[PDB]
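The structure appears right after this line, and notes come after that.
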Amino acid sequence: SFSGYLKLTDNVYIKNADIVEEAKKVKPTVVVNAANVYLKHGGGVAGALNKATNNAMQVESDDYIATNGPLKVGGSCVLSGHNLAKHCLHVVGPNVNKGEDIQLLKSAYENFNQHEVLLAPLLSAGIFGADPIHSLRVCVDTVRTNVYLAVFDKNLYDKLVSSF
Ligand SMILES: C[C@@H]1[C@H](C#N)CCCN1S(C)(=O)=O
């Protein structure tokens with residue numbers, strides 16, 4: 001199962017790790033993607049997860065969007081996890097760099113409660129522009145299921161743990 005995680009609360013765990021490498025190692029039931037409403041996996045965690053699937057995630061996502069239209073900010077969809085996980089839960093956190101409401105970050109984390117255990121990044125962190133310390137606080141105060149957070153950046157990981 002998951003190894004090397006620091007336990008933050010009853011159900012939240014954190015590790016300085018590349019979520020793609022972590023997914024390939026664990027092959028969890030659910031890996032969370034830091035998705036956008038169009039499921040265009042260009043950069044950040046989404047670009048890295050999609051590149052690891054050899055673009056199969058993007059091909060599946062384009063078919064999903066063609067059928068269903070875009071997701072809502074704060075919403076999610078379950079698609080295949082390809083070679084990374086059984087499923088990928090594509091969750092759209094608000095993108096502060098697009099002027100999206102940070103209050104939607106709690107709604108985004110509520111999607112995690114539909115899955116008993118997940119490997120995830122901090123929503124709205126990185127290229128989404130939100131403060132990762134705030135994202136971790138919303139995560140611990142919203143998610144009730146078992147969430148294993150992978151934080152790519154060591155310096156950010158140390159800051160998140162030391163300020164928790
Ligand atoms: C925490 C969740 C659920 C929520 N939220 C309540 C029942 C228990 N589960 S479980 C353990 O099945 O993931």
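Residue numbering restarts at 1 in every chain; chains get A, B, ... in the order shown in the structure tokens, and ligands count up from 1 in that same order.
Within 9 Å of residue 8 of chain A, once only C-alpha atoms are used and residues closer than 6 positions along the same chain are dropped, the contacting residues are residues 14, 140, 161 and 164 of chain A.
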Could you take the residues named above and write them with N, CA, C and O atoms, as an mmCIF file, in the first residue's frame?
```cif
data_model
loop_
_atom_site.group_PDB
_atom_site.id
_atom_site.type_symbol
_atom_site.label_atom_id
_atom_site.label_comp_id
_atom_site.auth_asym_id
_atom_site.auth_seq_id
_atom_site.Cartn_x
_atom_site.Cartn_y
_atom_site.Cartn_z
ATOM 1 N N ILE A 14 0.602 12.843 4.040
ATOM 2 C CA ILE A 14 1.331 13.693 3.096
ATOM 3 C C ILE A 14 2.733 13.159 2.856
ATOM 4 O O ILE A 14 3.356 12.619 3.764
ATOM 5 N N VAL A 140 -7.913 19.111 4.857
ATOM 6 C CA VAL A 140 -8.091 18.435 6.139
ATOM 7 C C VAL A 140 -9.462 18.734 6.742
ATOM 8 O O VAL A 140 -10.025 17.860 7.399
ATOM 9 N N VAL A 161 4.378 20.937 6.107
ATOM 10 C CA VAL A 161 4.451 20.150 7.340
ATOM 11 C C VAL A 161 4.772 21.045 8.555
ATOM 12 O O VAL A 161 4.084 20.993 9.587
ATOM 13 N N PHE A 164 1.779 23.256 9.642
ATOM 14 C CA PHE A 164 0.482 22.596 9.844
ATOM 15 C C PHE A 164 -0.037 22.744 11.271
ATOM 16 O O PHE A 164 0.565 22.235 12.233
#
```
Would you pick out the contacts of segment 55-63 of chain A at 8 Å or less, using only C-alpha atoms, so that residues sharing its chain but fewer than 3 positions from it are not included, and give the list as number ranges by chain? A: 39-41, 49-52, 66-67, 79-82
Segment 18-149 of chain A: residues DSSP assigns to strand (DSSP E or B), reported as a CSV table (one decimal) with N, CA and C atoms, in the first residue's frame:
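Below is the file that was written, states.csv:
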```csv
chain,number,residue,atom,x,y,z
A,30,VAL,N,-7.8,5.0,-6.9
A,30,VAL,CA,-8.1,6.3,-7.4
A,30,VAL,C,-6.9,7.3,-7.3
A,31,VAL,N,-6.5,7.9,-8.4
A,31,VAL,CA,-5.6,8.9,-8.5
A,31,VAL,C,-6.4,10.2,-8.9
A,32,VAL,N,-6.2,11.3,-8.1
A,32,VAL,CA,-6.9,12.5,-8.4
A,32,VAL,C,-6.0,13.3,-9.4
A,33,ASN,N,-6.7,13.9,-10.4
A,33,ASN,CA,-6.0,14.8,-11.3
A,33,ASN,C,-6.5,16.2,-11.0
A,34,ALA,N,-5.6,17.2,-11.1
A,34,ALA,CA,-5.8,18.6,-11.0
A,34,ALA,C,-6.3,19.1,-12.4
A,76,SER,N,-16.3,17.3,-10.6
A,76,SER,CA,-15.4,16.2,-11.0
A,76,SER,C,-16.1,15.2,-11.9
A,77,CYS,N,-15.3,14.3,-12.4
A,77,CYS,CA,-15.8,13.1,-13.1
A,77,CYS,C,-14.8,12.0,-12.9
A,78,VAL,N,-15.3,10.8,-13.0
A,78,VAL,CA,-14.4,9.6,-12.8
A,78,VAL,C,-14.2,9.0,-14.2
A,79,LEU,N,-12.9,8.9,-14.6
A,79,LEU,CA,-12.6,8.3,-15.8
A,79,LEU,C,-11.5,7.1,-15.5
A,80,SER,N,-11.0,6.5,-16.6
A,80,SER,CA,-10.0,5.5,-16.4
A,80,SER,C,-8.7,6.0,-15.7
A,87,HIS,N,-8.9,4.1,-11.4
A,87,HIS,CA,-9.7,5.2,-11.9
A,87,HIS,C,-8.9,6.5,-11.7
A,88,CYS,N,-9.2,7.5,-12.5
A,88,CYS,CA,-8.8,8.8,-12.3
A,88,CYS,C,-10.0,9.7,-11.9
A,89,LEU,N,-9.9,10.3,-10.8
A,89,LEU,CA,-10.9,11.3,-10.4
A,89,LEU,C,-10.4,12.7,-10.8
A,90,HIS,N,-11.0,13.2,-11.9
A,90,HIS,CA,-10.6,14.5,-12.4
A,90,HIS,C,-11.4,15.6,-11.7
A,91,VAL,N,-10.7,16.3,-10.8
A,91,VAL,CA,-11.3,17.3,-10.0
A,91,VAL,C,-10.9,18.7,-10.4
A,117,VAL,N,-10.5,5.8,-0.5
A,117,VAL,CA,-9.1,6.1,-0.4
A,117,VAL,C,-8.6,6.7,-1.8
A,118,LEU,N,-7.8,7.8,-1.7
A,118,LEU,CA,-7.3,8.4,-2.9
A,118,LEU,C,-5.9,8.8,-2.8
A,119,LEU,N,-5.1,8.8,-3.9
A,119,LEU,CA,-3.8,9.4,-4.0
A,119,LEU,C,-4.1,10.8,-4.7
A,120,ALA,N,-3.7,11.9,-4.2
A,120,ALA,CA,-4.1,13.2,-4.7
A,120,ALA,C,-3.0,14.3,-4.6
A,146,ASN,N,-9.9,8.6,3.2
A,146,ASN,CA,-8.4,8.5,3.4
A,146,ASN,C,-7.7,9.1,2.2
A,147,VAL,N,-7.0,10.3,2.4
A,147,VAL,CA,-6.4,10.9,1.3
A,147,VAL,C,-4.9,11.0,1.5
A,148,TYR,N,-4.1,10.5,0.5
A,148,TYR,CA,-2.7,10.5,0.5
A,148,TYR,C,-2.2,11.5,-0.4
A,149,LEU,N,-1.7,12.6,0.1
A,149,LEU,CA,-1.3,13.8,-0.7
A,149,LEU,C,0.2,13.7,-1.1
```
Show which residues sit within 9 Å of segment 16-21 of chain A, as a PyMOL selection string. Count only C-alpha atoms, and ignore same-chain residues fewer than 3 positions away. chain A and resi 4-5+24-26+31+45+48-49+52+84+119-121+149-154+156-158
Could you take the residues named above and write them with N, CA and C atoms, as a PDB file, in the first residue's frame?
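again-v5.pdb was written with the following content:
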```pdb
ATOM      1  N   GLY A   4       5.871   5.703   3.425  1.00  0.00           N
ATOM      2  CA  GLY A   4       6.653   6.914   3.601  1.00  0.00           C
ATOM      3  C   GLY A   4       5.863   8.181   3.832  1.00  0.00           C
ATOM      4  N   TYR A   5       4.558   8.054   4.157  1.00  0.00           N
ATOM      5  CA  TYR A   5       3.738   9.219   4.382  1.00  0.00           C
ATOM      6  C   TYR A   5       3.810   9.680   5.828  1.00  0.00           C
ATOM      7  N   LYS A  24       2.416   5.073 -10.298  1.00  0.00           N
ATOM      8  CA  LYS A  24       2.999   3.891 -10.945  1.00  0.00           C
ATOM      9  C   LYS A  24       3.440   2.834  -9.921  1.00  0.00           C
ATOM     10  N   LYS A  25       3.894   3.278  -8.748  1.00  0.00           N
ATOM     11  CA  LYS A  25       4.346   2.402  -7.677  1.00  0.00           C
ATOM     12  C   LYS A  25       3.151   1.710  -6.963  1.00  0.00           C
ATOM     13  N   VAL A  26       2.174   2.506  -6.551  1.00  0.00           N
ATOM     14  CA  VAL A  26       1.073   2.004  -5.773  1.00  0.00           C
ATOM     15  C   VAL A  26      -0.025   1.389  -6.607  1.00  0.00           C
ATOM     16  N   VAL A  31      -6.529   7.853  -8.449  1.00  0.00           N
ATOM     17  CA  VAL A  31      -5.587   8.938  -8.480  1.00  0.00           C
ATOM     18  C   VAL A  31      -6.394  10.189  -8.852  1.00  0.00           C
ATOM     19  N   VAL A  45       0.160  19.045 -12.762  1.00  0.00           N
ATOM     20  CA  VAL A  45      -0.142  17.649 -12.493  1.00  0.00           C
ATOM     21  C   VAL A  45      -0.869  17.002 -13.694  1.00  0.00           C
ATOM     22  N   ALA A  48       1.461  16.153 -16.501  1.00  0.00           N
ATOM     23  CA  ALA A  48       2.338  15.068 -16.120  1.00  0.00           C
ATOM     24  C   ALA A  48       1.606  13.721 -16.090  1.00  0.00           C
ATOM     25  N   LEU A  49       0.380  13.683 -15.518  1.00  0.00           N
ATOM     26  CA  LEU A  49      -0.386  12.422 -15.503  1.00  0.00           C
ATOM     27  C   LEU A  49      -0.713  11.999 -16.942  1.00  0.00           C
ATOM     28  N   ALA A  52       2.233  10.536 -18.748  1.00  0.00           N
ATOM     29  CA  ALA A  52       2.503   9.175 -18.267  1.00  0.00           C
ATOM     30  C   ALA A  52       1.596   8.120 -18.906  1.00  0.00           C
ATOM     31  N   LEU A  84      -1.930   4.164 -14.461  1.00  0.00           N
ATOM     32  CA  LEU A  84      -1.588   4.819 -13.215  1.00  0.00           C
ATOM     33  C   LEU A  84      -2.411   4.362 -12.029  1.00  0.00           C
ATOM     34  N   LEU A 119      -5.138   8.823  -3.868  1.00  0.00           N
ATOM     35  CA  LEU A 119      -3.819   9.434  -4.025  1.00  0.00           C
ATOM     36  C   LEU A 119      -4.131  10.776  -4.704  1.00  0.00           C
ATOM     37  N   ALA A 120      -3.687  11.914  -4.155  1.00  0.00           N
ATOM     38  CA  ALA A 120      -4.079  13.203  -4.698  1.00  0.00           C
ATOM     39  C   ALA A 120      -3.035  14.263  -4.598  1.00  0.00           C
ATOM     40  N   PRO A 121      -3.139  15.278  -5.451  1.00  0.00           N
ATOM     41  CA  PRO A 121      -2.323  16.472  -5.259  1.00  0.00           C
ATOM     42  C   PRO A 121      -3.142  17.488  -4.426  1.00  0.00           C
ATOM     43  N   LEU A 149      -1.707  12.626   0.093  1.00  0.00           N
ATOM     44  CA  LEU A 149      -1.285  13.785  -0.666  1.00  0.00           C
ATOM     45  C   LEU A 149       0.151  13.667  -1.098  1.00  0.00           C
ATOM     46  N   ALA A 150       0.390  13.854  -2.393  1.00  0.00           N
ATOM     47  CA  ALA A 150       1.743  13.865  -2.947  1.00  0.00           C
ATOM     48  C   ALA A 150       2.098  15.314  -3.279  1.00  0.00           C
ATOM     49  N   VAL A 151       3.160  15.843  -2.662  1.00  0.00           N
ATOM     50  CA  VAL A 151       3.588  17.209  -2.911  1.00  0.00           C
ATOM     51  C   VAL A 151       4.926  17.110  -3.607  1.00  0.00           C
ATOM     52  N   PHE A 152       4.974  17.535  -4.871  1.00  0.00           N
ATOM     53  CA  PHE A 152       6.178  17.399  -5.697  1.00  0.00           C
ATOM     54  C   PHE A 152       7.399  18.165  -5.186  1.00  0.00           C
ATOM     55  N   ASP A 153       7.167  19.415  -4.833  1.00  0.00           N
ATOM     56  CA  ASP A 153       8.209  20.350  -4.418  1.00  0.00           C
ATOM     57  C   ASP A 153       8.659  20.079  -2.953  1.00  0.00           C
ATOM     58  N   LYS A 154       9.966  19.698  -2.696  1.00  0.00           N
ATOM     59  CA  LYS A 154      10.444  19.427  -1.310  1.00  0.00           C
ATOM     60  C   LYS A 154      10.331  20.644  -0.400  1.00  0.00           C
ATOM     61  N   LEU A 156       8.260  23.185  -0.634  1.00  0.00           N
ATOM     62  CA  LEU A 156       6.852  23.389  -0.304  1.00  0.00           C
ATOM     63  C   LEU A 156       6.385  22.314   0.687  1.00  0.00           C
ATOM     64  N   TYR A 157       6.759  21.043   0.480  1.00  0.00           N
ATOM     65  CA  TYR A 157       6.413  19.962   1.415  1.00  0.00           C
ATOM     66  C   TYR A 157       6.869  20.318   2.865  1.00  0.00           C
ATOM     67  N   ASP A 158       8.133  20.756   2.995  1.00  0.00           N
ATOM     68  CA  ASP A 158       8.661  21.114   4.316  1.00  0.00           C
ATOM     69  C   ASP A 158       7.895  22.274   4.931  1.00  0.00           C
TER      70      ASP A 158
END
```
Within 10 Å of ligand 1, counting only C-alpha atoms and all ligand atoms, which protein or nucleic acid residues do you find, written as a compact mmCIF listing (two decimals) with N, CA, C and O atoms, in the first residue's frame?
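The resulting result.txt:
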```txt
# COMPACT_ATOMS: atom_id res chain seq x y z
N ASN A 11 -7.29 11.00 8.88
CA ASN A 11 -7.47 10.53 7.50
C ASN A 11 -6.63 11.19 6.44
O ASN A 11 -6.78 10.84 5.28
N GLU A 110 -14.83 18.25 -1.72
CA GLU A 110 -15.97 17.37 -1.36
C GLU A 110 -16.10 16.17 -2.30
O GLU A 110 -16.54 15.10 -1.88
N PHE A 112 -13.77 14.26 -3.14
CA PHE A 112 -12.94 13.18 -2.61
C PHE A 112 -13.73 12.25 -1.66
O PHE A 112 -13.38 11.09 -1.50
N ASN A 113 -14.80 12.79 -1.02
CA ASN A 113 -15.59 12.01 -0.07
C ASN A 113 -16.38 10.88 -0.69
O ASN A 113 -16.86 10.01 0.04
N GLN A 114 -16.47 10.84 -2.03
CA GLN A 114 -17.15 9.72 -2.70
C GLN A 114 -16.22 8.51 -2.91
O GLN A 114 -16.63 7.52 -3.49
N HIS A 115 -14.95 8.58 -2.43
CA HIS A 115 -13.98 7.52 -2.64
C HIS A 115 -13.31 7.22 -1.31
O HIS A 115 -12.85 8.14 -0.65
N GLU A 116 -13.27 5.95 -0.93
CA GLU A 116 -12.73 5.55 0.37
C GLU A 116 -11.27 5.92 0.56
O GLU A 116 -10.87 6.32 1.66
N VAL A 117 -10.48 5.77 -0.50
CA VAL A 117 -9.08 6.11 -0.44
C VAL A 117 -8.62 6.71 -1.76
O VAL A 117 -9.03 6.26 -2.84
N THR A 142 -12.26 19.28 5.01
CA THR A 142 -13.35 18.89 4.12
C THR A 142 -13.38 17.40 3.84
O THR A 142 -14.46 16.80 3.81
N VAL A 143 -12.23 16.81 3.55
CA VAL A 143 -12.14 15.40 3.20
C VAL A 143 -12.22 14.54 4.46
O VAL A 143 -11.51 14.78 5.44
N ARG A 144 -13.12 13.57 4.44
CA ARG A 144 -13.32 12.62 5.54
C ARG A 144 -12.80 11.23 5.19
O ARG A 144 -12.57 10.40 6.07
N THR A 145 -12.61 10.95 3.88
CA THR A 145 -12.07 9.69 3.44
C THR A 145 -10.52 9.74 3.51
O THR A 145 -9.94 10.79 3.86
N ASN A 146 -9.86 8.61 3.24
CA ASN A 146 -8.40 8.52 3.39
C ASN A 146 -7.69 9.11 2.20
O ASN A 146 -7.76 8.56 1.10
```
Report the distance between atom CA of residue 15 of chain A and atom CA of residue 102 of chain A in Å, rounded to one decimal place.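 Answer for the atom CA of residue 15 of chain A to atom CA of residue 102 of chain A separation: 24.3 Å.
We find atom CA of residue 38 of chain A and atom CA of residue 65 of chain A to be spaced 6.8 Å apart.
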Nearby residues (only C-alpha atoms) at most 8 Å from residue 27 of chain A, same-chain spacing under 5 positions excluded, as a PDB file with N, CA and C atoms, in the first residue's frame:
```
ATOM      1  N   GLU A  22       4.442   8.000  -7.802  1.00  0.00           N
ATOM      2  CA  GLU A  22       3.687   7.420  -6.726  1.00  0.00           C
ATOM      3  C   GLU A  22       2.558   6.530  -7.273  1.00  0.00           C
ATOM      4  N   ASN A  83      -2.656   3.403 -16.992  1.00  0.00           N
ATOM      5  CA  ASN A  83      -1.552   2.675 -16.391  1.00  0.00           C
ATOM      6  C   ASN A  83      -1.169   3.203 -15.002  1.00  0.00           C
ATOM      7  N   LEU A  84      -1.930   4.164 -14.461  1.00  0.00           N
ATOM      8  CA  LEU A  84      -1.588   4.819 -13.215  1.00  0.00           C
ATOM      9  C   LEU A  84      -2.411   4.362 -12.029  1.00  0.00           C
ATOM     10  N   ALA A  85      -3.651   3.999 -12.262  1.00  0.00           N
ATOM     11  CA  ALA A  85      -4.599   3.708 -11.186  1.00  0.00           C
ATOM     12  C   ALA A  85      -5.793   2.970 -11.800  1.00  0.00           C
ATOM     13  N   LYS A  86      -6.716   2.427 -10.973  1.00  0.00           N
ATOM     14  CA  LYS A  86      -7.920   1.838 -11.528  1.00  0.00           C
ATOM     15  C   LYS A  86      -8.758   2.975 -12.181  1.00  0.00           C
TER      16      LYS A  86
END
```
List as a ChimeraX atom specification the protein and nucleic acid residues near residue 95 of chain A, meaning an atom at most 12 Å away when only C-alpha atoms are counted, but skip any in the same chain fewer than 5 places from it. /A:34-37,73-74,100-105,108,123-131
Distance atom CA of residue 94 of chain A-atom CA of residue 9 of chain A, one decimal place?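 Rounded to one decimal, the two atoms are 24.4 Å apart.
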Identify, with DSSP run on backbone atoms, the residues in segment 38-149 of chain A assigned to helix (DSSP H, G or I), and express the list as a tab-separated table (two decimals) with N, CA, C and O atoms, in the first residue's frame.
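Output below, filename states07.tsv:
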```tsv
chain	number	residue	atom	x	y	z
A	44	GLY	N	1.24	21.26	-15.39
A	44	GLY	CA	1.11	20.91	-13.97
A	44	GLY	C	0.93	19.41	-13.79
A	44	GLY	O	1.41	18.59	-14.58
A	45	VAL	N	0.16	19.04	-12.76
A	45	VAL	CA	-0.14	17.65	-12.49
A	45	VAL	C	-0.87	17.00	-13.69
A	45	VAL	O	-0.54	15.88	-14.04
A	46	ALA	N	-1.85	17.71	-14.28
A	46	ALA	CA	-2.61	17.12	-15.41
A	46	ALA	C	-1.74	16.78	-16.59
A	46	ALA	O	-1.83	15.67	-17.11
A	47	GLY	N	-0.83	17.67	-16.94
A	47	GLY	CA	0.07	17.42	-18.06
A	47	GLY	C	1.00	16.26	-17.77
A	47	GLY	O	1.27	15.44	-18.63
A	48	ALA	N	1.46	16.15	-16.50
A	48	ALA	CA	2.34	15.07	-16.12
A	48	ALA	C	1.61	13.72	-16.09
A	48	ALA	O	2.12	12.72	-16.60
A	49	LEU	N	0.38	13.68	-15.52
A	49	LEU	CA	-0.39	12.42	-15.50
A	49	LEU	C	-0.71	12.00	-16.94
A	49	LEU	O	-0.54	10.83	-17.28
A	50	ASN	N	-1.12	12.97	-17.77
A	50	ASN	CA	-1.49	12.62	-19.14
A	50	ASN	C	-0.28	12.11	-19.92
A	50	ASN	O	-0.39	11.11	-20.63
A	51	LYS	N	0.89	12.77	-19.76
A	51	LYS	CA	2.10	12.30	-20.45
A	51	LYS	C	2.44	10.87	-20.04
A	51	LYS	O	2.81	10.05	-20.88
A	52	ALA	N	2.23	10.54	-18.75
A	52	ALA	CA	2.50	9.17	-18.27
A	52	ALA	C	1.60	8.12	-18.91
A	52	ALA	O	2.01	6.96	-19.03
A	56	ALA	N	-3.27	8.79	-23.59
A	56	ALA	CA	-4.54	8.05	-23.56
A	56	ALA	C	-5.56	8.77	-22.68
A	56	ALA	O	-6.74	8.81	-23.00
A	57	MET	N	-5.09	9.42	-21.60
A	57	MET	CA	-5.97	10.20	-20.74
A	57	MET	C	-6.62	11.34	-21.53
A	57	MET	O	-7.82	11.57	-21.41
A	58	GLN	N	-5.84	12.05	-22.36
A	58	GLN	CA	-6.39	13.16	-23.14
A	58	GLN	C	-7.38	12.66	-24.20
A	58	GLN	O	-8.42	13.27	-24.35
A	59	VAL	N	-7.09	11.53	-24.84
A	59	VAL	CA	-8.00	10.98	-25.85
A	59	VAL	C	-9.33	10.60	-25.18
A	59	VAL	O	-10.41	10.97	-25.67
A	60	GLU	N	-9.26	9.94	-24.03
A	60	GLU	CA	-10.48	9.57	-23.32
A	60	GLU	C	-11.23	10.83	-22.85
A	60	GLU	O	-12.45	10.89	-22.90
A	61	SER	N	-10.49	11.84	-22.39
A	61	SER	CA	-11.07	13.07	-21.88
A	61	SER	C	-11.76	13.86	-22.98
A	61	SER	O	-12.83	14.41	-22.76
A	62	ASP	N	-11.18	13.90	-24.19
A	62	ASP	CA	-11.81	14.61	-25.30
A	62	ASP	C	-13.14	13.96	-25.69
A	62	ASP	O	-14.08	14.68	-25.97
A	63	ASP	N	-13.20	12.63	-25.65
A	63	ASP	CA	-14.46	11.93	-25.92
A	63	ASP	C	-15.47	12.27	-24.80
A	63	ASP	O	-16.65	12.52	-25.08
A	64	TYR	N	-15.02	12.28	-23.53
A	64	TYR	CA	-15.91	12.63	-22.42
A	64	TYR	C	-16.49	14.05	-22.62
A	64	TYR	O	-17.70	14.25	-22.45
A	65	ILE	N	-15.66	15.03	-22.98
A	65	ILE	CA	-16.12	16.39	-23.18
A	65	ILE	C	-17.04	16.50	-24.39
A	65	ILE	O	-18.04	17.21	-24.34
A	66	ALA	N	-16.71	15.79	-25.47
A	66	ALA	CA	-17.57	15.82	-26.66
A	66	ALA	C	-19.00	15.32	-26.31
A	66	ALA	O	-19.99	15.85	-26.83
A	67	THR	N	-19.08	14.33	-25.43
A	67	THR	CA	-20.38	13.79	-25.05
A	67	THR	C	-21.10	14.63	-23.99
A	67	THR	O	-22.31	14.86	-24.09
A	68	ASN	N	-20.36	15.07	-22.98
A	68	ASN	CA	-20.96	15.68	-21.79
A	68	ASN	C	-20.83	17.17	-21.62
A	68	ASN	O	-21.49	17.74	-20.74
A	96	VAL	N	-7.04	30.45	-9.52
A	96	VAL	CA	-6.91	31.83	-9.08
A	96	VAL	C	-6.36	32.69	-10.23
A	96	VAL	O	-6.77	33.85	-10.38
A	97	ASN	N	-5.49	32.13	-11.07
A	97	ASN	CA	-4.92	32.84	-12.22
A	97	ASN	C	-5.98	33.14	-13.33
A	97	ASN	O	-5.67	33.87	-14.28
A	98	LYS	N	-7.20	32.56	-13.22
A	98	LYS	CA	-8.36	32.84	-14.10
A	98	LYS	C	-9.43	33.67	-13.34
A	98	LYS	O	-10.57	33.79	-13.82
A	104	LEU	N	-14.73	27.95	-4.00
A	104	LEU	CA	-15.04	26.69	-4.68
A	104	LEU	C	-14.04	25.56	-4.37
A	104	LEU	O	-14.30	24.41	-4.69
A	105	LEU	N	-12.93	25.88	-3.65
A	105	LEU	CA	-11.97	24.86	-3.30
A	105	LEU	C	-12.60	23.84	-2.35
A	105	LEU	O	-12.34	22.65	-2.51
A	106	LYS	N	-13.48	24.29	-1.41
A	106	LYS	CA	-14.13	23.32	-0.53
A	106	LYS	C	-15.03	22.37	-1.34
A	106	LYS	O	-14.95	21.16	-1.15
A	107	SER	N	-15.81	22.92	-2.30
A	107	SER	CA	-16.66	22.08	-3.16
A	107	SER	C	-15.82	21.08	-3.95
A	107	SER	O	-16.16	19.92	-4.04
A	108	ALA	N	-14.63	21.53	-4.43
A	108	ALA	CA	-13.74	20.64	-5.17
A	108	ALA	C	-13.29	19.47	-4.28
A	108	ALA	O	-13.36	18.31	-4.69
A	109	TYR	N	-12.87	19.76	-3.02
A	109	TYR	CA	-12.44	18.69	-2.12
A	109	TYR	C	-13.58	17.75	-1.72
A	109	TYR	O	-13.33	16.58	-1.46
A	110	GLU	N	-14.83	18.25	-1.72
A	110	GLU	CA	-15.97	17.37	-1.36
A	110	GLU	C	-16.10	16.17	-2.30
A	110	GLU	O	-16.54	15.10	-1.88
A	111	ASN	N	-15.61	16.32	-3.55
A	111	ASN	CA	-15.62	15.19	-4.47
A	111	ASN	C	-14.83	13.99	-3.95
A	111	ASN	O	-15.14	12.84	-4.25
A	112	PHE	N	-13.77	14.26	-3.14
A	112	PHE	CA	-12.94	13.18	-2.61
A	112	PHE	C	-13.73	12.25	-1.66
A	112	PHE	O	-13.38	11.09	-1.50
A	113	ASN	N	-14.80	12.79	-1.02
A	113	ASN	CA	-15.59	12.01	-0.07
A	113	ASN	C	-16.38	10.88	-0.69
A	113	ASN	O	-16.86	10.01	0.04
A	114	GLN	N	-16.47	10.84	-2.03
A	114	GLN	CA	-17.15	9.72	-2.70
A	114	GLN	C	-16.22	8.51	-2.91
A	114	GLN	O	-16.63	7.52	-3.49
A	126	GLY	N	0.08	24.97	-7.19
A	126	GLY	CA	0.89	25.01	-8.39
A	126	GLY	C	0.39	26.05	-9.36
A	126	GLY	O	0.06	27.17	-8.97
A	127	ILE	N	0.26	25.63	-10.63
A	127	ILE	CA	-0.15	26.57	-11.67
A	127	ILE	C	-1.59	27.07	-11.53
A	127	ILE	O	-1.97	28.00	-12.22
A	128	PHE	N	-2.39	26.48	-10.60
A	128	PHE	CA	-3.73	27.00	-10.34
A	128	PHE	C	-3.71	28.27	-9.46
A	128	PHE	O	-4.75	28.90	-9.30
A	132	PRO	N	-0.90	26.92	-1.35
A	132	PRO	CA	-0.95	25.50	-0.95
A	132	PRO	C	-1.22	25.25	0.54
A	132	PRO	O	-1.83	24.25	0.89
A	133	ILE	N	-0.80	26.18	1.42
A	133	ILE	CA	-1.08	26.05	2.85
A	133	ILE	C	-2.62	26.11	3.07
A	133	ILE	O	-3.17	25.32	3.83
A	134	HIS	N	-3.28	27.02	2.36
A	134	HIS	CA	-4.73	27.14	2.43
A	134	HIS	C	-5.38	25.86	1.84
A	134	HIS	O	-6.31	25.32	2.45
A	135	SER	N	-4.84	25.34	0.72
A	135	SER	CA	-5.38	24.13	0.11
A	135	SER	C	-5.31	22.95	1.06
A	135	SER	O	-6.27	22.21	1.19
A	136	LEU	N	-4.20	22.81	1.79
A	136	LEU	CA	-4.06	21.72	2.75
A	136	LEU	C	-5.06	21.87	3.90
A	136	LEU	O	-5.65	20.88	4.32
A	137	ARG	N	-5.29	23.10	4.36
A	137	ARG	CA	-6.24	23.34	5.45
A	137	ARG	C	-7.65	22.98	5.00
A	137	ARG	O	-8.35	22.24	5.69
A	138	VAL	N	-8.03	23.40	3.78
A	138	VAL	CA	-9.36	23.05	3.24
A	138	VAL	C	-9.47	21.54	3.07
A	138	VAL	O	-10.50	20.94	3.42
A	139	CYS	N	-8.41	20.90	2.59
A	139	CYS	CA	-8.39	19.45	2.47
A	139	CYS	C	-8.68	18.75	3.82
A	139	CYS	O	-9.60	17.93	3.91
A	140	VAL	N	-7.91	19.11	4.86
A	140	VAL	CA	-8.09	18.44	6.14
A	140	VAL	C	-9.46	18.73	6.74
A	140	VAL	O	-10.03	17.86	7.40
A	141	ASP	N	-10.01	19.92	6.50
A	141	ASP	CA	-11.32	20.30	7.04
A	141	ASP	C	-12.50	19.88	6.18
A	141	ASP	O	-13.64	20.12	6.58
A	142	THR	N	-12.26	19.28	5.01
A	142	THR	CA	-13.35	18.89	4.12
A	142	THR	C	-13.38	17.40	3.84
A	142	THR	O	-14.46	16.80	3.81
```
